[PDB]
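In what follows, a single structure is set out as structure tokens and then discussed.
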Ligand SMILES: [Cl-]
Ligand SMILES: [Cl-]
Ligand SMILES: [Mg+2]
Ligand SMILES: [Mg+2]
Ligand SMILES: [Mg+2]
Ligand SMILES: [Mg+2]
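Residue numbers (the deposited numbering), protein chains in the order written: chain A, -4 to 231; chain A', -4 to 231; chain P, 255 to 264; chain P', 255 to 264. A prime marks a further copy of an entry chain.
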């Protein structure tokens, strides 16, 4: 790895600089290098890893959606067929996206998840595993779409089981996991009723626990609660 | 070159797709491949080349400015010196920026400029040469800042001489060249009075020629004229 | 319009 | 604030 000669602390320092510079491909490479040092990650470091790769894959997902839409339009009765280029370039972006997802899943499997024993770290990583299988599912078609969906579901479910046992219903890790699992149900798994039920129960149980929170924690929890509400408004 | 096996027309098609997807690094690679086919570029193709690399170098310039500002703050009396990382990462981004500039200058020198005989193509390319030397100047310090500035100046001046002989004062190529040369004078060459004089004369001579233009051409010219005015307001 | 997932938090 | 140069035009 090209980051193998750099100090762990230097990699984290540069990841933060890259964040400030909006250089998210660099940020992701720095954080991959930090993970590959083999030590567990702190909360701040886990967040840097997530911010970096979410921004990278987010650009890829947006581009893939643009190209897929153009491709679908080109494949309609009455469209002047324009050769293989749209498909080729959509496939190029898709392969790069799948590569980023495989890289993140590889870091989780070797060996972030198995060394994560505290609930806050383990739930975070299992949610990430669900998320990156979900991004793979967004572009999957053939035989393996079913298996990718099941892998996402399994990771989210393990994370949910731990979060419900070990975290209060306002915990922002737990809330964002439930948010993303509800998105999985609506957008990937063709289960809008499950999505709505999960979003509603999550919201209501968090509402009832807000009285226990400080001002700052209340702001964190209610921000995610608003996203649950936004989706429920979209969905109903 | 990795684009050597792709058809010229396919490269241009994919450059346009990459533009739609906001994938400007890809767009630039496709257009580099198209240039390296060795044929001259049409107006639309020259514009794709410019859009692609301007977006790539624009991200680099923004990132470099963020990192340079952090570095300058770290090098002030009373700043906890935090090791070599800020400088290292600023240097990394700077080297990547210089590489992009060198790539563009290389395409212009081999062989876009020497095959460009019409004023619209030759002025466009010489302006581009001035622009990418100007971006090099923005990060230059040592012995070669002076020589880089002179290279930018020389390219802009050749472009100006041709534009004044061969194009009307409202021509958008001529207007944008004058705009960028005025920016060179103010921001790079420590010549704010030259910048103001050039912006003012350019604006006034274009004003007096607007009556010759169609509605669509008038919209093009007045858009650039507004940028001259914006700068004159900033500068005075 | 697509559903909203957890955003980045600096 | 930095001076404005020629923007991109699609
Ligand atoms: Cl391709
Ligand atoms: Cl570095
Ligand atoms: Mg037809
Ligand atoms: Mg594929
Ligand atoms: Mg001190
Ligand atoms: Mg240097």
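Note that CB positions come from ideal geometry on N, CA and C, so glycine has one too.
Query, Result
"Answer yes or no: does any C-beta atom of chain A' fall closer than 8 Å to that of residue 69 (chain A)?", "no"
"Is residue 164 (chain A') helix, strand or coil when you go by DSSP?", "coil"
"Check whether chain P' comes within 8 Å of residue 225 (chain A'), counting only Cβ atoms and requiring the distance to be less than that.", "yes"
"Apply the 10 Å Cβ neighbour rule to residue 116 (chain A) and answer buried if 16 or more other Cβ atoms are within range, or exposed otherwise.", "buried"
"At which residues does the alpha helix (DSSP H) containing residue 196 (chain A) begin and terminate?", "187 to 202"
"Over what stretch of residues does the alpha helix (DSSP H) that includes residue 54 (chain A) continue unbroken?", "38 to 69"
"Please list, in chain order, all residues with a C-beta atom less than 7 Å from at least one heavy atom of ligand 4.", "A:86, A:89 and A:90"
"Got a sec? Which residues, its chain only, sit under 6 Å from residue 4 (chain A') by beta carbon, not counting five neighbours each side?", "none"
"Please classify residue 38 (chain A') as buried or exposed, where buried requires at least 16 neighbouring CB atoms within 10 angstroms.", "exposed"
"Quick one, which residues of the segment 186 to 213 of chain A are near chain A' if we go by CB-CB under 9 Å, in chain order?", "none"
"If the cut is a Cβ gap below 9 Å, which residues of chain A' does residue 5 (chain A) touch?", "78, 79, 80 and 83"
"Using DSSP with H/G/I as helix, E/B as strand and the rest coil, what is residue 80 (chain A')?", "helix"
"Provide the residue span of the alpha helix (DSSP H) that contains residue 231 (chain A), from first to last.", "First-last for residue 231 (chain A): undefined, no H or E at that position."
"If residue 84 (chain A) sits next to residue 12 (chain A'), beta carbons under 8 Å apart, how far is it from one beta carbon to the other, in whole angstroms?", "5 Å"
"Please list, in chain order, the residues of the segment 133 to 146 of chain A that have any C-beta partner in chain P closer than 8 Å.", "none"
"To the nearest angstrom, report how far apart residue 105 (chain A) and residue 23 (chain A) are at their CA atoms.", "17 Å"
"Quick check on residue 229 (chain A): buried or exposed, where buried means 16 or more other Cβ atoms within 10 Å of its Cβ?", "exposed"
"Return no unless some Cβ of chain A is closer than 8 Å to the Cβ of residue 100 (chain A').", "no"
"Please tell me whether residue 29 (chain A) has its Cβ less than 8 Å away from any Cβ of chain A'.", "no"
"Given 8 Å as the limit, is there contact between the segment 167 to 176 of chain A and the segment 191 to 201 of chain A, that is, 3 or more CB pairs closer than that?", "yes"
"In chain P', which residues lie with their C-beta within 8 Å of the C-beta of residue 175 (chain A')?", "259 and 260"
"Among A':167, A':211 and A':75, which one has its Cα closest to the Cα of residue 222 (chain A')?", "A':167"
"Please report the straight-line C-alpha distance between residue 164 (chain A) and residue 141 (chain A), rounded to a whole angstrom.", "31 Å"
"Under the rule that 16 or more other beta-carbon atoms within 10 Å means buried, what is residue 112 (chain A), buried or exposed?", "exposed"
"Taking only heavy atoms of ligand 3 into account, decide whether any of them is closer than 7 Å to the Cβ of residue 2 (chain A').", "no"
"Count the other CB atoms within 10 Å of the CB of residue 260 (chain P); is the residue buried (16 or more) or exposed (fewer)?", "buried"
"Report all residues from its chain with a CB closer than 8 Å to the CB of residue 62 (chain A); omit the five preceding and five following residues, and keep chain order.", "81, 84, 85 and 88"
"Could you check if residue 45 (chain A) is buried or exposed, using at least 16 other CB atoms within 10 Å of its CB as the buried criterion?", "buried"
"I believe residue 127 (chain A') touches residue 143 (chain A') by the beta-carbon criterion, under 8 Å. Please report the beta-carbon distance rounded to the nearest angstrom.", "Not quite, the Cβ-Cβ distance comes to about 10 Å (not below 8 Å), so this is no contact."
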